[PDB]
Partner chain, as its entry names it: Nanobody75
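Okay, here we've got a single chain as structure tokens, the form deposited without its partner chain, with questions on binding and movement later.
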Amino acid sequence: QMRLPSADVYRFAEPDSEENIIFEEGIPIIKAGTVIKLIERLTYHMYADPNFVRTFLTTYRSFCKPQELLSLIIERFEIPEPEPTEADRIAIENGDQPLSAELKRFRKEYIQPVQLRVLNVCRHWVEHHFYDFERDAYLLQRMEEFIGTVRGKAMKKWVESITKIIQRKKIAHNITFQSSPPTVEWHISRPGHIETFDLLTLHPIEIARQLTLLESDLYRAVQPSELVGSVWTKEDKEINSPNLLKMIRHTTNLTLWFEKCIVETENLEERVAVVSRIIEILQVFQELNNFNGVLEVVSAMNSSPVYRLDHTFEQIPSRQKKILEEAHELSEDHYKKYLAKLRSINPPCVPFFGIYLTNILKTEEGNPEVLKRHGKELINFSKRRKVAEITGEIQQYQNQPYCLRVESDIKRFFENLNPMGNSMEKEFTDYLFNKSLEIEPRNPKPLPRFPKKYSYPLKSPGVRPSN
């Protein structure tokens, strides 16, 4: 190959061996390595592995401090020239202008790629994972000291880019659609009257479209820094993961709201009309590929207060019972039928964090932090590559937005949902169940008739849009 600089003056020139790095059995996939090797493969010169830059920078805070990583990036960027050969010295010794046959190759195959990928890591680090520099104001200063050090007309355009990004990130996305958004669909409730909004007054579609926009927005705000450390379960959940916990707590609100609407409707004829309205909404969630909503209506019909309502489910038309059995099969058998649906759709999506949270958490517990081979402790990069495949599977769904019109009046009604009221989690769950024992008492007690509650008609406009 080529004569890399001496391993004494340059740490990263040390040759690969089973005591440094382990490759998984055309780009090699590294199973483990010492830190020095990981930054060597992060900015390797032979091949381009732009996943590695994203996999390393997401998960490296377990094994390398942010301050220590940047010290390795400086040491990688400053590559010393290899010692000249004897003939090259003879020109150098006598003052003759040396041909530099090997140095000319070295600067084009080793320095130029490696110095260029180091700035790629530096700009990728600043642009995406900027929270490292905000927390540590000393790190940003060392970052800007390094950028000023970069010299040459080559790579003088890039240090303009990193600097532009830093000044943009320090002080802190218009979307273009090929198609016009479909027009808002209205029902008994008329636009602008927030006081008359409810489950039956609003059109089934527009409940489902505004919930999809509301839930998509909460899904697109979840950054990988709130998942990679298994941090949402730690005692700093509200500081580390405010975006993720706002989406979980929204999904819980709708599920209890769907429970509350079903069991609080005393009259059987009304209640059947409500349960059918919710299933019509669950049907639009499947059209919009809003799988979070599908599993927050399915989770309401499988809840203990609502599952037992066997009288109100017999009166549902068999068409809408076919939807609920189809929608409930997504969650059966460890989400096997839902995982196959998530990978065979044209995504605008709202996937379900239920299964990305239980995979990130079990991947971090199961696999060992370090691999010990030949008596040396290598960082288990296979553990942190599996984790970054999940946080990299979240992001391939966050990119594409929805082509739906945001209705400010409805979207405010769903952000301000308080099904619990002032009650606590256990009291409400009991309050819903006991109210379910009141409206359909357990056998053999009779089913008592109850007064009608809603004044407006209960005919459902249907999942079909008006166009």
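Numbering follows the first chain given and starts at 1.
Absent from the display: the form solved in complex with its partner chain. The rest refers to it.
- Although the partner is absent here, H328 lies within 4.5 Å of its partner chain in the deposited bound form, judged by heavy atoms.
- For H311, a non-hydrogen atom is located within 4.5 Å of its partner chain in the deposited bound form, even though that partner is not displayed.
- Among residues of the shown chain, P441 is one whose heavy atoms approach its partner chain to within 4.5 Å in the deposited bound form.
- In the deposited bound form, no heavy atom of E75 sits within 4.5 Å of its partner chain.
- Only one segment in the set 194-202, 181-189, 134-142, 318-326 has any non-hydrogen atom within 4.5 angstroms of its partner chain in the deposited bound form, and it is 318-326.
- Site annotation in the deposited bound form: the residue of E332, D236, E81, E377 reaching within 4.5 Å of its partner chain with a heavy atom is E332.
- Put simply, of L218, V228, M301, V150 only one has a heavy atom within 4.5 Å of its partner chain in the deposited bound form, and it is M301.
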